[PDB]
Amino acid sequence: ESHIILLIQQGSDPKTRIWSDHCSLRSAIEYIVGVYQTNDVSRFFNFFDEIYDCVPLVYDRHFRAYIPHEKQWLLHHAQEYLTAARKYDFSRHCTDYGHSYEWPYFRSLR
């Protein structure tokens, strides 16, 4: 029952907003990396830092609520993900579910 939502805003204009939901932290990291690869590591963190706003929300099983984190929180996890391995399109793999009907919170209400 892991669920992570990324509130992404590409530029200073809120018109560029898009959100992604994933079933695990690895899926969230693989998503944002796959977004950068729609066109190096250090150049990737250049791309990540250029994102105007990106606040992750992680779901808590017991409290049944989403914990907000800073943009730096996803930086640290993405950093250690890339160590163990050895126009941008933000809709690429931007969801592991078809509808919020499938999210862990809404399934528990049945």
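Start at 1 and count along the sequence shown; that's the residue number.
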property: Size class of the missing deposited segment between residue 86 and residue 87; result: 10 or more
property: Gap size, residue 40 back to residue 39 (deposited sequence, no coordinates); result: 4 to 9
property: Comparing 51-59 with 76-84, the one whose average Cα B-factor in the PDB entry is higher; result: 76-84
property: Of 30-38 and 62-70, the one with larger mean CA B-factor; result: 30-38
property: Record-listed C-alpha B factor of residue 22: chain third; result: lowest
